[PDB]
Amino acid sequence: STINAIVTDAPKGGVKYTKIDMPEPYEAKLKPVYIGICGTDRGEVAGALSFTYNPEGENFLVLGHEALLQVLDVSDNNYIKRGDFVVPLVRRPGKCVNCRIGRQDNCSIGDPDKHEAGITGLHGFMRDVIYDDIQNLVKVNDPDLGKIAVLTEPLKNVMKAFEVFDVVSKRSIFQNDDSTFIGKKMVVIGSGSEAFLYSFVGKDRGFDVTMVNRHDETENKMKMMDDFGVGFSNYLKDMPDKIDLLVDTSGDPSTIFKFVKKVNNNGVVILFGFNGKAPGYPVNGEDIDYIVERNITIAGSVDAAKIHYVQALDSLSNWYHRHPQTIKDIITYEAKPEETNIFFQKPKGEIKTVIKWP
Amino acid sequence: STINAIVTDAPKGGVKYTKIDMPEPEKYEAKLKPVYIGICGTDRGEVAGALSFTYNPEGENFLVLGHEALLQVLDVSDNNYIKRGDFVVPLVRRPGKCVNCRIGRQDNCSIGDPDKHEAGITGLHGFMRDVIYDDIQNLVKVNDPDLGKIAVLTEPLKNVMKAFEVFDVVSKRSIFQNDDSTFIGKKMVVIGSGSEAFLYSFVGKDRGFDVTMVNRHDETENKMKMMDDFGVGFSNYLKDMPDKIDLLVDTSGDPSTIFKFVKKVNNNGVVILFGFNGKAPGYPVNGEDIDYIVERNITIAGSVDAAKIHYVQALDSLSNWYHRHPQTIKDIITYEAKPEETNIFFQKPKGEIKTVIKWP
Amino acid sequence: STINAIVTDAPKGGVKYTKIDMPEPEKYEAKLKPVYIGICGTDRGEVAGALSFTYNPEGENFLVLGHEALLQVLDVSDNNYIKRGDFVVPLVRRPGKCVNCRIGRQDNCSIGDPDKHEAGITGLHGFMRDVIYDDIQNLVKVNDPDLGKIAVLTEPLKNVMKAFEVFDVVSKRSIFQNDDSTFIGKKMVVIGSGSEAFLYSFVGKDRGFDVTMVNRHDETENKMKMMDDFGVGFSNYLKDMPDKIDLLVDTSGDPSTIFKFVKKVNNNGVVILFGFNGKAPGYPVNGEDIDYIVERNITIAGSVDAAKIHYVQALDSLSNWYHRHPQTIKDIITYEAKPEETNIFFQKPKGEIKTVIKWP
Amino acid sequence: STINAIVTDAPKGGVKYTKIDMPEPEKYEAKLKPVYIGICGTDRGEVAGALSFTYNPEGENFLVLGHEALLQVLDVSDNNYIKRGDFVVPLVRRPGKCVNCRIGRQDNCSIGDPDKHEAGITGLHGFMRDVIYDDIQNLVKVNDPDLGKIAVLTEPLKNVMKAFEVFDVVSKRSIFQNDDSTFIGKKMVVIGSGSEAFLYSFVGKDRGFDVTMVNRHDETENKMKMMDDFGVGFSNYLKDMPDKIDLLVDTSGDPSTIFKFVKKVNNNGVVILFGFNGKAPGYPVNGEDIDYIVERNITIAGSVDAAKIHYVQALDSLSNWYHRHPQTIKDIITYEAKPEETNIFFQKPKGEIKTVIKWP
Ligand SMILES: NC(=O)c1ccc[n+]([C@@H]2O[C@H](COP(=O)([O-])OP(=O)(O)OC[C@H]3O[C@@H](n4cnc5c(N)ncnc54)[C@H](OP(=O)(O)O)[C@@H]3O)[C@@H](O)[C@H]2O)c1
Ligand SMILES: NC(=O)c1ccc[n+]([C@@H]2O[C@H](COP(=O)([O-])OP(=O)(O)OC[C@H]3O[C@@H](n4cnc5c(N)ncnc54)[C@H](OP(=O)(O)O)[C@@H]3O)[C@@H](O)[C@H]2O)c1
Ligand SMILES: NC(=O)c1ccc[n+]([C@@H]2O[C@H](COP(=O)([O-])OP(=O)(O)OC[C@H]3O[C@@H](n4cnc5c(N)ncnc54)[C@H](OP(=O)(O)O)[C@@H]3O)[C@@H](O)[C@H]2O)c1
Ligand SMILES: NC(=O)c1ccc[n+]([C@@H]2O[C@H](COP(=O)([O-])OP(=O)(O)OC[C@H]3O[C@@H](n4cnc5c(N)ncnc54)[C@H](OP(=O)(O)O)[C@@H]3O)[C@@H](O)[C@H]2O)c1
Ligand SMILES: [Zn+2]
Ligand SMILES: [Zn+2]
Ligand SMILES: [Zn+2]
Ligand SMILES: [Zn+2]
């Protein structure tokens with residue numbers, strides 16, 4: 001069958017909205033409503049990522065992994081039906097001990113055990129028709145969420161990261177002697193989509209949060225943060241210290257390690273940003289000593305499990321029913337598929353750009 | 001009252017064996033003398049003026065050295081745990097008031113200095129002196145009569161036990177084990193081949209890991225045969241770099257070496273930073289090294305000191321080891337100095353693994 | 001100062017809405033009044049003289065009732081957290097000195113009474129009185145101005161939050177989730193249809209469970225609309241006994257009902273014991289009942305009270321629930337009685353879920 | 001081909017030492033013979049026909065008995081772990097397909113029969129036969145050569161090691177330790193005085209508990225002496241019941257003894273249900289018993305079987321125990337039988353702790 005789709009030739013690069021031949025084999029058939037894009041989609045189009053590739057036999061890869069889909073047809077089951085809106089899983093499991101319990105996000109082997117829709121050998125979701133198995137679909141249960149549900153994928157990564165935070169913070173009593181997180185200080189390096197999502201969950205877990213960047217911020221972003229009780233600071237003018245939770249979305253060694261030197265005893269550092277091109281920063285013996293004497297834990301986190309998608313939907317609902325303006329304002333452009341230039345340049349004031357599908 | 005003691009002037013430096021005046025409380029829970037006291041690089045750095053965070057106890061102009069002690073009880077008030085003549089290992093770190101210190105987890109102090117303090121290091125006299133008074137709660141009883149001087153290894157080993165606790169905690173972030181539930185075939189690499197590295201390596205094997213110590217030069221045949229007695233491999237890494245590492249521990253304190261081995265860590269791997277050296281040269285960590293850590297769900301954890309429970313675990317291990325491999329355990333202690341030989345704080349004996357002081 | 005307060009004579013019984021002398025205490029940080037106060041079986045059990053463990057404060061001959069409180073700050077010394085006028089829920093359980101109380105986890109007190117004490121229950125005055133003195137630490141600020149009277153539900157919800165904490169701890173003994181990592185179709189059964197049941201059921205739902213409340217009789221259609229509204233089922237187990245349970249929470253305190261539901265619990269099931277009734281008759285647990293528990297690796301966990309942090313989460317859940325289902329959450333508070341109406345303590349408003357007192 | 005075996009007709013019962021055909025399957029990784037095989041209450045139950053969940057392997061009329069085994073490798077495919085002549089302990093429980101089985105945690109099978117199977121008990125042949133074929137992954141290598149026959153205690157001891165893992169998981173709900181981080185003075189009581197109670201106590205002591213076994217009659221001086229060597233106490237609870245219990249382990253399966261000891265358990269106390277007996281009579285549990293559990297945040301966890309890692313842990317402890325107290329470990333083995341003495345399944349030669357079969 002012939003259908004419309006946004007494809008790349010991974011890892012060589014390029015993007016075209018075009019026609020392709022997708023035949024059927026499956027438990028469910030779906031179509032897109034919205035599909036977000038992130039740095040990775042752009043990295044794929046730029047040919048900056050060596051780990052991506054087309055599915056076996058084929059010479060293109062359908063882009064798109066941040067999806068909100070609609071069930072057109074479905075097998076016989078007690079969980080979803082025609083008309084239901086769903087978020088598909090990006091990462092699908094291999095055979096390892098972690099994959100086989102639904103924690104492909106903690107895949108013990110890496111590629112080629114696990115695979116990612118739109119990224120590694122699995123067609124993405126920017127195409128008219130999509131076949132899948134029921135278990136790779138997560139039901140949206142809040143009817144008022146609508147398009148905001150497209151933020152699930154970016155948000156699940158945050159929920160897994162926070163899982164990892166909950167795990168490693170058990171090495172000591174991380175809380176105050178009154179049992180709470182009151183006055184505990186979170187700092188998020190960066191002020192884009194992911195940082196925004198980190199900051200909001202942080203707020204829900206009870207931290208005082210403060211996003212940060214190497215420049216002032218738009219009045220758009222500034223107001224959003226205030227709406228969620230989230231501070232901001234240009235670190236070139238006012239450097240925070242005494243940090244209990246450091247989360248990095250920059251990927252820049254120089255910036256990560258300068259903030260690490262502000263981390264409190266028993267502080268946790270979450271590394272989350274890719275930046276393969278970031279310049280090297282010289283980590284010295286004094287830096288190591290600082291980490292050791294303070295029992296600091298630095299943890300890299302990638303992707304997440306199905307359960308985290310569920311958690312993410314629930315949080316989007318709650319935040320939507322309390323600050324709907326600010327949540328809507330996360331999405332900063334909605335785009336036609338033909339508008340393939342969004343993969344090459346960042347619109348003005350972008351936070352999250354999405355593609356509205358016809 | 002007047003006693004002999006080995007002292008310094010922290011943080012300035014220097015060392016001397018000498019007479020000093022110390023209080024002689026009539027009221028105390030326990031009164032002890034030292035039998036053996038270990039030295040480590042912190043002692044040597046104290047004495048060389050290399051450590052700036054060390055200080056003398058309030059209103060005093062010396063600091064008695066020594067935090068690795070094996071002591072004997074001279075006298076003690078009625079209690080259910082220890083009595084005159086028993087051997088004990090004293091806690092180094094003493095609790096402040098924070099949430100962690102109040103539960104006996106000062107090793108995880110939330111403030112740092114000056115909430116917690118360490119014997120012979122920060123604001124509290126150490127154990128190289130004729131007489132020592134303490135509370136019972138701060139003493140760990142050696143329950144193995146056969147251990148003798150081996151028990152002086154309790155302090156450097158408890159650091160290892162806490163570090164492995166850190167490992168147990170953080171490795172709960174995914175299934176670390178094989179699909180048969182075990183650690184069989186999991187690979188531990190320990191940067192360094194000194195006494196801390198030996199102790200890490202041995203606990204590693206007890207935990208079921210395949211273990212290899214590594215250094216930037218070949219090792220003595222004695223060390224080699226020690227490693228070989230315990231099933232521990234060695235590798236001069238300039239001739240063959242270990243790869244595919246599940247648990248990596250560093251005792252060097254050296255960035256270049258740390259980050260070089262990080263790049264060989266598997267998915268879900270754990271890196272423990274334990275060593276430190278403030279003089280260590282910088283190493284450029286780039287975006288590529290960050291990504292590597294991220295995409296692998298790697299955890300990098302600093303670990304310092306340990307809790308009293310780790311002292312008990314340490315003693316149990318030293319005893320298990322000694323009753324299996326008595327010789328190689330004895331060979332950890334490579335020199336028994338007298339307190340007059342204060343040059344051991346300056347010059348390392350030849351073939352040093354662990355040097356100790358046999359107190360008069 | 002003379003003030004209005006409803007009091008009792010712990011443990012013996014009875015209640016008056018009367019004046020009492022409430023002096024200004026020697027040291028305190030905040031002065032407060034009540035806005036609303038919830039009531040539960042325990043208050044009704046104190047009035048009936050049905051609790052041997054309660055007692056009046058030291059020296060005094062009366063106990064102010066009321067532990068389920070919403071309060072307003074009349075005055076408070078300057079701090080970063082609360083201002084005059086703010087609304088707060090006060091902690092019921094106050095810390096002693098054990099290793100758990102000193103960290104803010106007096107809910108897990110290691111000693112029991114007299115280490116911890118509970119406002120309105122165990123040597124401490126409850127909140128049904130015109131003026132209240134307290135420290136800031138023991139107050140939980142409402143940060144959602146929309147919540148209003150719903151915030152008086154924080155106390156009963158707090159207990160449920162702790163219990164889900166206990167479930168998250170003990171359920172780590174094995175993989176409780178499906179092989180997709182979720183709880184989809186895991187079955188929670190709650191014994192009971194009272195206020196605590198509903199609160200368990202709603203949290204159950206936020207955790208991903210399929211939830212069914214149960215009882216030995218049908219339920220009023222106000223209850224069935226609330227249930228249906230949150231997606232919670234109901235079943236009368238005399239006509240339809242649920243089977244195959246993954247999480248069983250009892251709010252009844254009735255042995256025989258407990259142990260008959262335990263026999264429907266699956267491998268790796270968790271049983272939370274929460275409700276209590278000292279009057280309930282004995283069910284004869286036999287060799288098989290135990291065998292059933294053992295072979296399935298079931299965990300039966302008793303849970304009492306909660307920590308401050310759980311008050312904070314309780315308040316956050318109510319906020320979420322209120323902005324999603326404002327009417328069903330409002331529908332929980334079935335009566336706003338007056339201090340004067342000291343009959344509530346004795347009789348139950350017809351089809352009560354939660355009875356509150358609007359304080360003048 | 002023809003081999004000797006001891007067999008039952010599960011679940012009917014009976015026992016016989018006889019000849020069976022054992023074909024050499026097409027492909028296998030390992031061929032083994034038994035050296036020693038232990039017997040437990042389960043074997044006696046099987047033979048007695050008292051266990052209705054037991055069954056022969058599909059389309060066979062008999063079931064080879066025996067799950068506590070120590071075997072030697074006759075032949076194995078080349079691999080890096082074991083080789084011919086190596087001694088091993090084979091896994092009793094073999095995995096099915098559920099989320100726990102597939103990660104090597106069949107001991108926590110989410111389904112039970114017939115997902116998981118158990119050698120000698122459920123549809124898989126046991127170890128009392130001349131020849132046994134297995135896969136490597138299912139064998140746990142004995143690394144200490146001095147152990148000898150003592151290594152046959154692995155299987156009963158791995159049950160204990162998993163139950164201590166359950167304890168470690170559940171006791172995270174609060175601070176279970178003293179405020180010095182230790183288990184000093186924490187009280188362990190173990191109901192029963194048989195093989196399992198002894199191994200529970202020894203582990204108990206290694207974890208730092210004060211341990212007391214209890215039974216409802218005095219014990220032979222063989223047993224008492226052994227307790228004494230490991231610093232474990234005993235009490236006939238008819239005469240004297242321990243109180244103030246922090247960890248309670250039951251090996252009786254008897255409700256009345258269980259619940260009577262539950263009412264001695266401290267706040268944050270843990271109870272392990274492990275013993276089972278379907279013939280044990282009912283004992284009334286009332287509202288006030290439930291209430292006692294609730295108010296103390298007690299946890300009651302049933303535990304069955306263990307994972308492969310727990311077999312490896314068991315072997316490590318048996319070594320540690322053997323090099324400290326060789327004579328006393330040997331004494332746990334109280335009778336060595338020849339295969340023709342099938343009497344041991346019906347009558348337990350008195351003074352019994354562990355009866356074993358030496359395979360000729
Ligand atoms: N680990 C995972 O599972 C996973 C999954 C998806 C994406 N990611 C990564 O997560 C990162 C963040 O996602 P995103 O969608 O938020 O990306 P984004 O929208 O491009 O935002 C990146 C943020 O980092 C800021 N930044 C760059 N250099 C900085 C510095 N020196 N100091 C402070 N801030 C700095 C950027 O600011 P300006 O734009 O204002 O310069 C921007 O705010 C991306 O790098 C992506 O690689 C990770
Ligand atoms: N966190 C804590 O609780 C704690 C407590 C005490 C001490 N420490 C630290 O732990 C470290 C080790 O303790 P230790 O007593 O075992 O001291 P040590 O014997 O001096 O150990 C240092 C080891 O590291 C080796 N090394 C140095 N640079 C290296 C490199 N680039 N590559 C590989 N190996 C290298 C040394 O070899 P050579 O001798 O051949 O150069 C030596 O084997 C010290 O740094 C100390 O500062 C930490
Ligand atoms: N652990 C703690 O920290 C804590 C704190 C506060 C309260 N509690 C206990 O929590 C329990 C519930 O609190 P609550 O405020 O919800 O009181 P509640 O409204 O009385 O709830 C009790 C529920 O149990 C039902 N029930 C009684 N007997 C039953 C049986 N045999 N089978 C099935 N269901 C039965 C009742 O139904 P009917 O009304 O139809 O009889 C009622 O729905 C009380 O026992 C209280 O003592 C515990
Ligand atoms: N994974 C599991 O959950 C698992 C695995 C294997 C075995 N088991 C069970 O674990 C138990 C122990 O194993 P074992 O091999 O040690 O069996 P065992 O030697 O028969 O031990 C049972 C002990 O309980 C004592 N006893 C019986 N009734 C008692 C009572 N009312 N009060 C106090 N003590 C009482 C017995 O005393 P006398 O012998 O002097 O009567 C004996 O010491 C058995 O019940 C068996 O069913 C469980
Ligand atoms: Zn995998
Ligand atoms: Zn502290
Ligand atoms: Zn307490
Ligand atoms: Zn299974």
Side-chain angles (χ1 to χ4, degrees), chain A residues 36 38-40 42-43 65-66 90 105 153-154 156-157 160-161 188-198 211-215 217 235 248-252 254-256 258-259 271-276 278 300-304 346 350-352, chain B residues 291 294-295, chain C residues 38-42 44-45 67 92 107 155-156 159 162-163 191-200 213-217 219 237 250-254 256-258 261 267 273-277 280 302-306 348 352-354, chain D residues 95-102 105-106 108-112 115-116 291 294-295:
Chain A
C38 96
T40 300
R42 292 190 170 140
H65 58 271
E66 302 190 354
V90 187
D105 68 303
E153 196 282 352
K156 52 90 181 166
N157 300 319
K160 182 266 180 65
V188 179
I189 296 167
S191 32
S193 163
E194 288 286 44
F196 256 99
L197 296 171
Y198 274 114
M211 269 183 274
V212 291
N213 214 319
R214 63 214 151 127
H215 52 69
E217 252 304 343
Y235 56 78
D248 180 70
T249 64
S250 93
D252 175 59
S254 344
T255 312
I256 290 159
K258 286 187 311 225
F259 281 90
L271 299 175
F272 180 83
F274 304 6
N275 194 347
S301 192
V302 73
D303 216 303
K346 266 176 114 210
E350 182 189 61
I351 290 170
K352 168 66 43 170
Chain B
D291 178 75
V294 176
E295 302 164 330
Chain C
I39 60 162
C40 93
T42 294
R44 294 181 175 146
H67 54 269
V92 177
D107 61 313
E155 203 277 345
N159 302 320
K162 187 263 178 65
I191 300 171
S193 4
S195 52
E196 292 284 48
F198 272 76
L199 292 176
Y200 272 109
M213 273 185 274
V214 291
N215 216 322
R216 59 211 165 141
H217 66 62
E219 264 288 29
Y237 57 74
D250 178 68
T251 69
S252 89
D254 172 54
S256 26
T257 311
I258 289 165
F261 272 92
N267 302 287
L273 301 182
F274 179 75
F276 51 91
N277 178 6
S303 192
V304 76
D305 214 314
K348 53 141 223 120
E352 90 170 330
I353 297 180
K354 181 50 63 140
Chain D
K97 278 71 181 289
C98 73
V99 66
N100 288 284
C101 286
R102 72 222 221 188
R105 298 298 317 241
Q106 56 269 39
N108 296 325
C109 183
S110 307
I111 289 160
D115 195 35
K116 100 288 200 265
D291 179 76
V294 167
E295 278 154 13

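In listed order, ligands and their atoms are each counted from 1. So you know, we letter chains A, B, ... as the sequences are listed, proteins then strands, and number each from 1. Quick note: numbers below take in every heavy atom, side chains included, and nothing from hydrogens, waters or symmetry partners.
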Closer than 3.5 angstrom, by distance alone: can the side chain of D/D291 be matched with the main-chain N or O of C/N277 as a donor-acceptor pair?
no

A student checking ligand 1 against A/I189 at a 4.0 Å heavy-atom cut-off should list atoms 32 (N), 33 (C), 34 (N)

At under 4.0 Å between heavy atoms, what of A/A304 touches ligand 1? The answer is neither

The answer for which part of D/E295 has a heavy atom under 4.0 Å from ligand 3 is neither

Looking only at non-hydrogen atoms, the one of C/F276, C/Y200, C/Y237, C/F198 nearest atom 33 (C) of ligand 3 is C/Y237

message = Using heavy atoms and a 4.0 Å limit, tell me yes or no: is C/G253 in contact with ligand 3?
response = no

Under 4.0 Å from one or more heavy atoms of C/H217, ligand 3 contributes atoms 38 (P), 40 (O)

Checking heavy-atom distances from atom 21 (O) of ligand 3 to each of C/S252, C/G38, C/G194, the winner is C/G194

Q. Any N/O of C/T42 closer than 3.5 Å to an N/O of ligand 3?
A. no

Q. Is the side chain of D/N100 donor-acceptor paired with the backbone N or O of D/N108 at a distance under 3.5 Å, no angle test?
A. yes

If we number the atoms of ligand 3 from 1 as shown, the ones under 4.0 Å from a heavy atom of C/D305 are 3 (O)

Exercise. Got a donor-acceptor contact below 3.5 angstrom from the C/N267 side chain to the D/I111 backbone?
Worked result: yes

Quick look: A/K352 vs ligand 1, heavy-atom contacts under 4.0 Å, and the answer is neither

Ligand 3 atoms nearer than 4.0 angstrom to some heavy atom of C/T257 are 30 (C), 31 (N), 32 (N)

Restricting to heavy atoms, the pick from A/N213, A/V90, B/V294, A/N157 nearest atom 34 (N) of ligand 1 would be A/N213

Margin query: Looking only at distances, can you tell me whether any N or O atom of A/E194, backbone or side chain, sits closer than 3.5 Å to an N or O atom of ligand 1?
Written below: yes

heavy-atom search around atom 29 (C) of ligand 3 in the protein gives C/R216 NE, 3.5 Å

Counting heavy atoms under 4.0 Å, the part of C/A197 that contacts ligand 3 is neither

So the atoms of ligand 3 within less than 4.0 Å of a heavy atom of C/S195 turn out to be 14 (P), 15 (O), 16 (O)

Taking the Zn ion (ligand 8) as the apex, SG on D/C101 and SG on D/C109 give an angle, to 10°, of 110°

The answer for which part of A/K346 has a heavy atom under 4.0 Å from ligand 1 is side chain

Closest non-hydrogen contact found for D/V294 with C/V304 is O-CB, 3.5 Å

field: Min side-chain heavy-atom separation C/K354-C/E352 under 4.5 Å
entry: no

Under 4.0 Å from atom 47 (O) of ligand 3, is there any protein heavy atom?
-> yes

Restricting to heavy atoms, the pick from C/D254, C/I353, C/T251 nearest atom 23 (C) of ligand 3 would be C/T251

Closest to atom 2 (C) of ligand 3 among protein heavy atoms sits C/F274 CE1, 3.5 Å

Contact check, A/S191 vs ligand 1, heavy-atom distance below 4.0 Å | yes

**Prompt:** Protein heavy atom under 4.0 angstrom of atom 18 (P) of ligand 1, is there one?
**Reply:** no

